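Novice: My structure is below; once you've seen it, I'll send some questions.
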Amino acid sequence: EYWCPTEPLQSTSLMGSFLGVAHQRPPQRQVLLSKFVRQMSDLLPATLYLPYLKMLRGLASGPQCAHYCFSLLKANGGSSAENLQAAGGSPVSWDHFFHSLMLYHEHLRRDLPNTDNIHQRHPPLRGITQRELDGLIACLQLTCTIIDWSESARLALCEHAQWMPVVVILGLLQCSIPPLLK
Amino acid sequence: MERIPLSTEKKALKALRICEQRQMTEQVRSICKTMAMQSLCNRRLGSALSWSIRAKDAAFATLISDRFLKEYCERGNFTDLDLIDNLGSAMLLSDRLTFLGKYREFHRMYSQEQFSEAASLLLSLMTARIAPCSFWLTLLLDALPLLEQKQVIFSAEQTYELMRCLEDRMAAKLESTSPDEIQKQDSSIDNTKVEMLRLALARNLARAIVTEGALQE
Amino acid sequence: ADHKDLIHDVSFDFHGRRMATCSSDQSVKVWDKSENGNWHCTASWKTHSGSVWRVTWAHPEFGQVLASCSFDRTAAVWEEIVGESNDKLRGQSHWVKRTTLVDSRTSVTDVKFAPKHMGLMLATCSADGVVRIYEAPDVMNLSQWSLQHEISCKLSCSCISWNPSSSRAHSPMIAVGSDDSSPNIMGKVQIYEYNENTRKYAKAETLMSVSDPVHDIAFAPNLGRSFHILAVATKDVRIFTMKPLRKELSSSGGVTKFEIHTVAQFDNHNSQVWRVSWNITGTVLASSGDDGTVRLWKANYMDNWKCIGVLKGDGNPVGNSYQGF
Amino acid sequence: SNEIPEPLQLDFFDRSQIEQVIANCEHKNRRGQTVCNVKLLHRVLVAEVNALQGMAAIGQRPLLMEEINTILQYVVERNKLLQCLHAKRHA
Amino acid sequence: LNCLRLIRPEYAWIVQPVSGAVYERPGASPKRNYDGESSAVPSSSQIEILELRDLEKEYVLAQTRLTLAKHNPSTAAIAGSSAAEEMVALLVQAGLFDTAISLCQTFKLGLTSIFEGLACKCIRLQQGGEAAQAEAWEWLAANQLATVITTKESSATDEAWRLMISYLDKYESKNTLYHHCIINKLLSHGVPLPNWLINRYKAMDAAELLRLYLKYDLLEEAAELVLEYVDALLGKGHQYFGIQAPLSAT
């Protein structure tokens with residue numbers, strides 16, 4: 001219900017919906033609810049960043065709802081100025097989370113040796129706040145839920161030629177850290 | 001019977017029935033292939049044809065079907081046309097004969113002006129992507145009378161898929177020549193015909209769409 | 001001049017209507033049996049530069065095709081091209097060398113087509129101890145050959161022979177006897193079968209009890225018998241029985257259980273026994289030695305092989321008979 | 001009853017040849033009879049039909065499949081009439 | 001596309017239209033959309049002109065999207081969001097080999113990824129039985145073979161090797177990435193190198209094979225490669241090595 005079929009999304013079972021045939025408007029109440037949701041995708045104060053992420057992981061259950069939330073975060077994806085902010089917008093998207101991770105990793109590969117290594121004398125690592133920990137672990141819970149319920153998001157992530165989370169996570173596990181994130 | 005040097009077709013026939021009574025398929029296949037090749041060596045095309053349909057090998061069927069295709073290109077006439085007209089369901093076993101049969105089918109049904117079924121057969125055969133490169137030439141060529149339609153009953157969607165496949169095959173022909181180039185001598189002036197024919201097409205497309213929109217009046 | 005000084009190879013067509021002779025004279029002569037009788041020299045031409053060793057013919061189910069080999073490091077493939085066909089007048093049939101597989105730096109030691117029922121291939125062996133196995137991917141070009149296989153025999157090739165296949169589970173094989181006569185090498189014949197599991201040949205067997213320079217090997221026609229028979233003419237007369245017991249389902253071409261039996265042994269030629277030839281069923285033997293003598297053989301009520309006749313090429317043959325016991 | 005099975009009408013196939021192969025390939029099962037299993041049967045069928053040709057059968061692959069299945073229910077109902085008999089005898 | 005590839009080259013370009021300025025139900029509020037929400041807009045103060053090649057790429061996108069929806073409807077949404085290599089991988093999982101052929105032609109993409117994909121399925125073939133070939137035919141029918149098209153006789157993996165051979169014979173890279181990726185996948189899955197690839201890729205070049213003998217323990221075989229290296233030095237076999245220098249000695 002919180003996934004109105006006005007949202008552009010299609011599957012090999014969604015031809016019975018009006019996303020292969022033009023036009024469909026849900027009842028006013030649910031339209032208002034999911035629409036207010038769609039704007040909250042784009043406006044966020046940092047104090048509510050996590051419970052909103054609980055929104056996210058809740059809605060991340062189920063395959064079709066997962067595909068819808070994938071679509072919503074894709075809308076939150078792309079170059080912008082409102083998913084790049086921790087205040088007034090959501091500091092989260094595939095783009096946001098991925099640049100955050102790649103910068104973390106490049107920093108830590110300057111703070112540690114190059115590939116084919118685990119440890120070496122180098123400049124000190126990045127500082128981590130418990131808030132950074134909470135955000136990272138929660139967002140990872142969301143991502144796992146989404147990739148489980150949606151194979152499409154999974155394949156999209158594995159195919160991203162400009163992120164390569166494979167080699168990224170290779171370097172990350174080569175890094176030595178509080179192994180919660182490992 | 002693989003020591004015998006067969007030179008007498010009637011003796012071959014007696015051996016044929018001999019094998020028939022006990023159902024030796026494979027010997028039949030071998031002998032039919034051998035005698036078909038003898039026929040083709042003597043350029044006894046219909047005889048090789050007969051031996052082949054006995055052998056039930058559509059490979060040779062298509063191979064000499066190519067003989068048919070290029071000799072039709074050379075002479076403009078249907079070859080063994082009487083044999084062609086009446087082969088039955090075995091057409092569904094050889095695509096090149098499938099092509100030839102549908103070609104004669106079209107010549108007819110157009111000649112009596114069933115343009116709707118003409119378009120049906122053509123759309124079916126293009127989405128079948130039939131015939132080699134030198135013959136998708138003719139596949140393209142076929143659309144001309146449909147262009148010549150000064151009065152149409154086809155649907156707007158019909159016109160859609162029609163033209164869809166027209167340029168689809170167009171790009172496909174551009175690449176079948178070479179995966180980024182074309183090298184066939186016919187293409188250039190043929191390309192010119194392409195522009196004029198699609199000109200006429202688009203004008204008739206305006207015509208068809210205005211008719212269909214007025215058909216909703 | 002040509003073929004009038006020595007005959008290096010003589011070849012016949014399938015089912016038997018045509019013949020040809022090639023010599024050390026660098027030319028080939030092709031002869032045709034009229035079905036009304038008499039042998040007629042239908043053509044002759046030069047094909048190579050060395051002593052033309054062998055000619056073997058592609059099946060009539062595959063056209064009138066000649067394959068010739070010599071001391072030329074090369075092997076020529078000539079085709080019969082008909083001048084005119086289709087009723088009135090037949091034009092001069094001409095020979096077009098389709099291609100020459102030049103794959104040799106030593107004596108080209110044998111050339112032989114395959115059986116057709118799996119498709120027709122061609123095998124060429126050279127005195128290099130190497131064999132080359134081509135097939136024609138093109139079922140319309142007569143000059144196309146793709147080299148599927150090569151085996152390094154580690155012994156100079158002298159004679160090769162195909163394994164007949166007549167079963168839905170039989171996969172073919174190659175037997176190779178070597179002209180090597182060094183008295184320190186034990187077993188001059190090797191066996192390599194197409195291990196289907198690996199989709200490639202694996203050595204099936206190699207047989208000991210051989211030390212003679214191999215000149216001729218002869219397979220049994222497959223038929224329904226699981227067991228197979230081999231005849232060998234090197235300097236002796238050897239015949240072997242090979243029962244297939246069972247083979248590993250994934251290493252069939254690699255490991256083979258053959259009940260192998262030296263079943264018939266005749267040293268009666270007293271010279272280099274060049275040749276063995278069998279019945280069309282592979283059931284009567286003709287054996288040729290270097291003394292110009294040929295022995296004829298039947299296997300008895302007990303399958304026991306015996307010389308049923310002696311013909312001298314250096315003398316007059318033994319007389320014919322139909323009154324024994 | 002005195003029931004009998006419906007004859008097979010095989011179009012791609014020679015019923016004599018199929019029944020020959022059937023008699024050759026049936027095996028002693030654990031019910032007290034020599035009958036080939038349905039699985040072995042069907043994929044032998046697919047293997048043998050694939051052994052020859054393959055040009056335009058691509059479109060007729062359905063028809064091949066339904067005919068294989070139909071022969072399957074043929075042998076199934078052969079078994080179905082069969083099992084009754086011995087327990088009839090015991091009764 | 002038709003309207004413009006009709007034209008002489010002078011008019012061969014079109015300006016990109018300006019964004020927005022659409023609504024539905026004429027005489028209504030100026031802005032109406034079905035697929036809304038945004039965070040940025042393309043540059044409209046600086047306009048751009050659209051040319052045959054650009055339009056070709058956009059068409060390739062569109063026709064790929066439709067082909068995706070055709071073989072399986074579930075794909076159109078990501079097709080609306082998919083990039084070139086993304087669609088390449090989606091095709092790798094789908095099986096539209098000739099479509100990928102076209103896409104590498106147009107977008108100038110890495111054929112290699114296609115080589116790994118097809119090779120991995122082909123290894124699954126070489127190991128698989130009847131059922132694997134049964135599915136394999138369903139997409140092998142889309143490809144055509146000049147020796148003979150189709151024939152259920154012979155297994156699928158046979159014409160899979162042959163299809164790789166043909167794709168090689170008709171697409172070439174001056175850099176043999178394709179050889180290297182194929183052979184590395186072979187050995188990564190334990191495959192001794194096929195003889196046909198042996199002969200062809202040696203008759204092009206051999207020392208590259210030599211240091212892959214080194215890299216992947218192909219030591220005996222390297223030893224031979226050396227033996228005929230020296231032998232050709234003695235004689236002439238550079239042709240087999242893809243080498244061209246006349247040889248008499250060393």
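Quick note on naming: the chains in the structure tokens go A, B, ... in the order shown, residues restart at 1 in each chain, and ligands are numbered from 1 in order of appearance.
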Could you list, as a tab-separated table (two decimals) with N, CA and C atoms, in the first residue's frame, every residue of chain B that has an atom within 6 Å of an atom of chain C, counting only C-alpha atoms?
Specialist:
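Just written: result_1.tsv:
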chain	number	residue	atom	x	y	z
B	3	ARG	N	29.21	-53.94	-50.05
B	3	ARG	CA	30.20	-54.38	-51.03
B	3	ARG	C	29.75	-54.17	-52.47
B	4	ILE	N	28.46	-54.04	-52.70
B	4	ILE	CA	27.94	-53.92	-54.07
B	4	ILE	C	28.26	-52.54	-54.63
B	5	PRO	N	28.77	-52.45	-55.87
B	5	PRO	CA	28.86	-51.19	-56.63
B	5	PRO	C	27.60	-50.89	-57.45
B	34	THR	N	23.89	-41.84	-51.26
B	34	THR	CA	24.85	-42.14	-52.32
B	34	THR	C	24.24	-41.91	-53.69
B	42	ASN	N	25.47	-36.23	-62.01
B	42	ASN	CA	24.85	-36.14	-63.33
B	42	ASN	C	23.95	-34.92	-63.46
B	43	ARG	N	23.96	-34.05	-62.45
B	43	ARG	CA	23.08	-32.88	-62.39
B	43	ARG	C	21.62	-33.27	-62.53
Novice: May I have all residues of region 94-236 of chain E that DSSP, computed from the backbone, assigns to alpha helix (DSSP H), given as JSON, numbers by chain?
Specialist: {"E": [94, 97, 98, 99, 100, 101, 102, 103, 104, 105, 106, 107, 111, 112, 113, 114, 115, 116, 117, 118, 119, 120, 121, 122, 123, 124, 125, 126, 127, 130, 131, 132, 133, 134, 135, 136, 137, 138, 139, 140, 156, 157, 158, 159, 160, 161, 162, 163, 164, 165, 166, 167, 168, 169, 170, 177, 178, 179, 180, 181, 182, 183, 184, 185, 186, 187, 188, 195, 196, 197, 198, 199, 200, 201, 202, 203, 204, 207, 208, 209, 210, 211, 212, 213, 214, 215, 219, 220, 221, 222, 223, 224, 225, 226, 227, 228, 229, 230, 231, 232, 233, 234]}
Novice: One number please: CA of residue 57 (chain A) to CA of residue 92 (chain A), in Å, one decimal.
Specialist: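 So the two atoms, CA of residue 57 (chain A) and CA of residue 92 (chain A), lie 13.4 Å apart.
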Novice: Which residue gives the smallest distance to residue 38 (chain D) among D:51, D:84, D:71, D:21, with only C-alpha atoms counted?
Specialist: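 Closest to residue 38 (chain D) of all the choices is D:71.
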Novice: Just the residues within 12 Å of residue 292 (chain C), please, counting only C-alpha atoms, with nothing from its chain fewer than 6 positions along; format it as a PyMOL selection string.
Specialist: chain C and resi 269-275+310-317
Novice: Would you write out those residues with N, CA, C and O atoms, as a short mmCIF file (atom, residue, chain, number, x, y, z; two decimals), in the first residue's frame?
Specialist:
data_model
loop_
_atom_site.label_atom_id
_atom_site.label_comp_id
_atom_site.auth_asym_id
_atom_site.auth_seq_id
_atom_site.Cartn_x
_atom_site.Cartn_y
_atom_site.Cartn_z
N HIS C 269 56.88 -67.86 -43.79
CA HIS C 269 57.29 -67.13 -44.99
C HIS C 269 58.80 -67.20 -45.19
O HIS C 269 59.28 -67.28 -46.32
N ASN C 270 59.56 -67.13 -44.09
CA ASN C 270 61.03 -67.12 -44.08
C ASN C 270 61.61 -65.83 -44.64
O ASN C 270 62.77 -65.82 -45.06
N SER C 271 60.83 -64.75 -44.67
CA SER C 271 61.33 -63.45 -45.14
C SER C 271 60.52 -62.36 -44.45
O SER C 271 59.71 -62.62 -43.56
N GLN C 272 60.74 -61.12 -44.88
CA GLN C 272 59.98 -60.01 -44.34
C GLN C 272 58.53 -60.10 -44.80
O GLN C 272 58.20 -59.78 -45.95
N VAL C 273 57.66 -60.53 -43.89
CA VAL C 273 56.25 -60.67 -44.19
C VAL C 273 55.67 -59.27 -44.29
O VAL C 273 55.39 -58.63 -43.26
N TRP C 274 55.51 -58.79 -45.51
CA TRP C 274 55.08 -57.42 -45.71
C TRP C 274 53.64 -57.18 -45.30
O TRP C 274 53.34 -56.17 -44.67
N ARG C 275 52.73 -58.09 -45.65
CA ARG C 275 51.33 -57.68 -45.78
C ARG C 275 50.38 -58.74 -45.24
O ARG C 275 50.64 -59.94 -45.33
N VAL C 310 49.52 -71.70 -51.07
CA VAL C 310 50.79 -71.01 -51.19
C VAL C 310 50.99 -70.61 -52.65
O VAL C 310 50.97 -71.47 -53.54
N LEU C 311 51.20 -69.32 -52.89
CA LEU C 311 51.44 -68.79 -54.22
C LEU C 311 52.81 -68.15 -54.24
O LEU C 311 53.12 -67.30 -53.39
N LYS C 312 53.64 -68.54 -55.19
CA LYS C 312 54.95 -67.92 -55.33
C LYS C 312 54.90 -66.79 -56.35
O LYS C 312 54.35 -66.93 -57.44
N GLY C 313 55.49 -65.66 -55.98
CA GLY C 313 55.69 -64.58 -56.92
C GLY C 313 57.06 -64.74 -57.55
O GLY C 313 57.35 -64.16 -58.60
N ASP C 314 57.91 -65.52 -56.90
CA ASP C 314 59.21 -65.89 -57.44
C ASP C 314 59.21 -67.30 -58.02
O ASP C 314 60.28 -67.84 -58.31
N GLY C 315 58.04 -67.90 -58.18
CA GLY C 315 57.92 -69.21 -58.78
C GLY C 315 56.48 -69.47 -59.18
O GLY C 315 55.64 -68.57 -59.14
N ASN C 316 56.21 -70.71 -59.57
CA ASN C 316 54.83 -70.99 -59.95
C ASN C 316 54.02 -71.39 -58.73
O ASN C 316 54.55 -72.07 -57.84
N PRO C 317 52.75 -70.99 -58.65
CA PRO C 317 51.94 -71.31 -57.48
C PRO C 317 51.70 -72.80 -57.31
O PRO C 317 51.86 -73.58 -58.26
#
Novice: Taking only C-alpha atoms into account, find every residue of chain D that has an atom no more than 10 Å from chain B, and write it out as a list in words.
Specialist: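 That gives residues 14, 16, 17, 52, 53, 54, 55, 56, 57, 58, 59 and 60 of chain D for chain D.
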Novice: Keeping N, CA and C atoms, export the residues of the selection given above as an mmCIF file, in the first residue's frame.
Specialist:
data_model
loop_
_atom_site.group_PDB
_atom_site.id
_atom_site.type_symbol
_atom_site.label_atom_id
_atom_site.label_comp_id
_atom_site.auth_asym_id
_atom_site.auth_seq_id
_atom_site.Cartn_x
_atom_site.Cartn_y
_atom_site.Cartn_z
ATOM 1 N N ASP D 14 8.352 -45.593 -35.456
ATOM 2 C CA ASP D 14 7.921 -46.887 -35.978
ATOM 3 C C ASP D 14 7.601 -47.816 -34.811
ATOM 4 N N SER D 16 6.794 -50.742 -34.307
ATOM 5 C CA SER D 16 7.580 -51.966 -34.255
ATOM 6 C C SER D 16 8.945 -51.707 -33.637
ATOM 7 N N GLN D 17 9.628 -50.653 -34.085
ATOM 8 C CA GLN D 17 10.961 -50.359 -33.578
ATOM 9 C C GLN D 17 10.923 -49.963 -32.103
ATOM 10 N N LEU D 52 19.360 -38.324 -34.379
ATOM 11 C CA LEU D 52 19.190 -38.111 -35.811
ATOM 12 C C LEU D 52 18.632 -36.714 -36.049
ATOM 13 N N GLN D 53 19.217 -36.011 -37.020
ATOM 14 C CA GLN D 53 18.705 -34.739 -37.521
ATOM 15 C C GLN D 53 18.683 -33.656 -36.455
ATOM 16 N N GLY D 54 17.751 -32.711 -36.574
ATOM 17 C CA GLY D 54 17.685 -31.581 -35.667
ATOM 18 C C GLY D 54 17.531 -30.240 -36.359
ATOM 19 N N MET D 55 17.184 -30.251 -37.648
ATOM 20 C CA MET D 55 17.123 -29.004 -38.404
ATOM 21 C C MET D 55 15.964 -28.128 -37.955
ATOM 22 N N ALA D 56 14.735 -28.574 -38.215
ATOM 23 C CA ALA D 56 13.567 -27.739 -37.970
ATOM 24 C C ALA D 56 12.689 -28.343 -36.888
ATOM 25 N N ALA D 57 13.132 -29.463 -36.313
ATOM 26 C CA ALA D 57 12.405 -30.094 -35.223
ATOM 27 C C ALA D 57 12.257 -29.095 -34.086
ATOM 28 N N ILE D 58 13.174 -28.128 -34.031
ATOM 29 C CA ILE D 58 13.166 -27.095 -33.003
ATOM 30 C C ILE D 58 11.754 -26.594 -32.729
ATOM 31 N N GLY D 59 10.989 -26.303 -33.782
ATOM 32 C CA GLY D 59 9.625 -25.857 -33.582
ATOM 33 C C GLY D 59 8.697 -26.956 -33.117
ATOM 34 N N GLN D 60 8.983 -28.196 -33.495
ATOM 35 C CA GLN D 60 8.124 -29.332 -33.190
ATOM 36 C C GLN D 60 8.494 -30.000 -31.880
#
Novice: Between C:150, C:216, C:291, C:259, single out the one closest to residue 278 (chain C), counting only C-alpha atoms.
Specialist: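 Closest to residue 278 (chain C), using only C-alpha atoms: C:216.
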Novice: Give me the chain E side of the contact with chain C, cut-off 7 Å, one line per residue showing its nearest atom pair and distance in Å at one decimal, counting only C-alpha atoms, sorted by chain and residue number, as JSON lines.
Specialist:
{"residue": "E:147", "atom": "CA", "partner": "C:138", "partner_atom": "CA", "distance": 5.0}
{"residue": "E:195", "atom": "CA", "partner": "C:149", "partner_atom": "CA", "distance": 6.4}
{"residue": "E:196", "atom": "CA", "partner": "C:148", "partner_atom": "CA", "distance": 6.2}
Novice: For residue 123 (chain B), work out the shell of residues within 10 Å, counting only C-alpha atoms and skipping chain neighbours fewer than 5 positions away, then give it as a PyMOL selection string.
Specialist: chain B and resi 117-118+128-129+158+161-162+165-166
Novice: Could the residues in this selection be saved with N, CA, C and O atoms as a PDB file, in the first residue's frame?
Specialist:
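Below is the file that was written, out_12.pdb:
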ATOM      1  N   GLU B 117      -3.424 -11.298 -45.500  1.00  0.00           N
ATOM      2  CA  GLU B 117      -2.692 -12.531 -45.248  1.00  0.00           C
ATOM      3  C   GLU B 117      -1.285 -12.450 -45.817  1.00  0.00           C
ATOM      4  O   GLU B 117      -0.364 -13.090 -45.303  1.00  0.00           O
ATOM      5  N   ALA B 118      -1.101 -11.666 -46.877  1.00  0.00           N
ATOM      6  CA  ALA B 118       0.248 -11.392 -47.353  1.00  0.00           C
ATOM      7  C   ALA B 118       1.091 -10.774 -46.251  1.00  0.00           C
ATOM      8  O   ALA B 118       2.202 -11.233 -45.965  1.00  0.00           O
ATOM      9  N   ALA B 128      10.647 -14.700 -38.232  1.00  0.00           N
ATOM     10  CA  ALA B 128      11.431 -15.914 -38.365  1.00  0.00           C
ATOM     11  C   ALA B 128      12.851 -15.641 -38.840  1.00  0.00           C
ATOM     12  O   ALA B 128      13.701 -16.527 -38.723  1.00  0.00           O
ATOM     13  N   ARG B 129      13.115 -14.449 -39.388  1.00  0.00           N
ATOM     14  CA  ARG B 129      14.452 -14.073 -39.857  1.00  0.00           C
ATOM     15  C   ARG B 129      14.991 -15.070 -40.874  1.00  0.00           C
ATOM     16  O   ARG B 129      16.105 -15.585 -40.745  1.00  0.00           O
ATOM     17  N   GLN B 158      -0.499  -2.555 -36.543  1.00  0.00           N
ATOM     18  CA  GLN B 158       0.046  -3.343 -37.637  1.00  0.00           C
ATOM     19  C   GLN B 158       1.131  -2.576 -38.357  1.00  0.00           C
ATOM     20  O   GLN B 158       2.248  -3.076 -38.523  1.00  0.00           O
ATOM     21  N   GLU B 161       4.382  -2.567 -36.160  1.00  0.00           N
ATOM     22  CA  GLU B 161       5.300  -3.704 -36.207  1.00  0.00           C
ATOM     23  C   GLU B 161       5.885  -3.863 -37.602  1.00  0.00           C
ATOM     24  O   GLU B 161       7.054  -4.242 -37.750  1.00  0.00           O
ATOM     25  N   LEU B 162       5.093  -3.560 -38.634  1.00  0.00           N
ATOM     26  CA  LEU B 162       5.614  -3.580 -39.993  1.00  0.00           C
ATOM     27  C   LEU B 162       6.889  -2.774 -40.088  1.00  0.00           C
ATOM     28  O   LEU B 162       7.970  -3.316 -40.351  1.00  0.00           O
ATOM     29  N   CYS B 165       9.935  -3.833 -37.948  1.00  0.00           N
ATOM     30  CA  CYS B 165      10.759  -4.890 -38.521  1.00  0.00           C
ATOM     31  C   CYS B 165      11.490  -4.413 -39.761  1.00  0.00           C
ATOM     32  O   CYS B 165      12.571  -4.914 -40.077  1.00  0.00           O
ATOM     33  N   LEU B 166      10.915  -3.450 -40.485  1.00  0.00           N
ATOM     34  CA  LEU B 166      11.593  -2.951 -41.677  1.00  0.00           C
ATOM     35  C   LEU B 166      12.985  -2.426 -41.344  1.00  0.00           C
ATOM     36  O   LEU B 166      13.993  -2.964 -41.813  1.00  0.00           O
TER      37      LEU B 166
END
Novice: Rank E:166, E:93, E:45, E:64 by their smallest atom-to-atom distance to residue 79 (chain E), using only C-alpha atoms, and report the top residue only.
Specialist: E:64
Novice: Please compute the CA of residue 67 (chain D)-CA of residue 49 (chain D) distance, one decimal, in Å.
Specialist: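 Calculated distance between CA of residue 67 (chain D) and CA of residue 49 (chain D) is 11.8 Å.
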Novice: Residues of chain E were defined as contacting chain B if any atom lay at most 9 Å from it, counting only C-alpha atoms; please report them as a PyMOL selection string.
Specialist: chain E and resi 2-3+5-6+101-102+105-106+148-149+151+170-171
Novice: Okay, now the selection with C-alpha atoms, as a compact mmCIF listing (two decimals), in the first residue's frame?
Specialist:
# COMPACT_ATOMS: atom_id res chain seq x y z
CA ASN E 2 14.51 7.15 -40.44
CA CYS E 3 13.42 10.76 -40.95
CA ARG E 5 19.16 9.24 -41.98
CA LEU E 6 17.12 10.09 -45.04
CA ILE E 101 27.81 -8.93 -30.50
CA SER E 102 25.88 -5.91 -31.73
CA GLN E 105 30.05 -3.19 -31.96
CA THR E 106 28.10 -0.05 -31.09
CA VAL E 148 25.35 -26.88 -40.96
CA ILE E 149 22.69 -25.04 -38.97
CA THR E 151 21.47 -31.07 -36.03
CA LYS E 170 34.58 -13.15 -37.19
CA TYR E 171 35.65 -10.85 -34.33
Novice: As an exercise, work out the distance from CA of residue 137 (chain A) to CA of residue 125 (chain A) in Å and give it to one decimal place.
Specialist: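 Going from CA of residue 137 (chain A) over to CA of residue 125 (chain A), I get 19.0 Å.
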Novice: What lies within 9 Å of residue 223 (chain C) using only C-alpha atoms, ignoring chain neighbours under 3 positions off, as a ChimeraX atom specification?
Specialist: /C:164-167,220,226,281
Novice: List as a list in words the protein and nucleic acid residues near residue 7 (chain B), meaning an atom at most 10 Å away when only C-alpha atoms are counted, but skip any in the same chain fewer than 5 places from it.
Specialist: residues 12, 35 and 38 of chain B; 35 of chain C
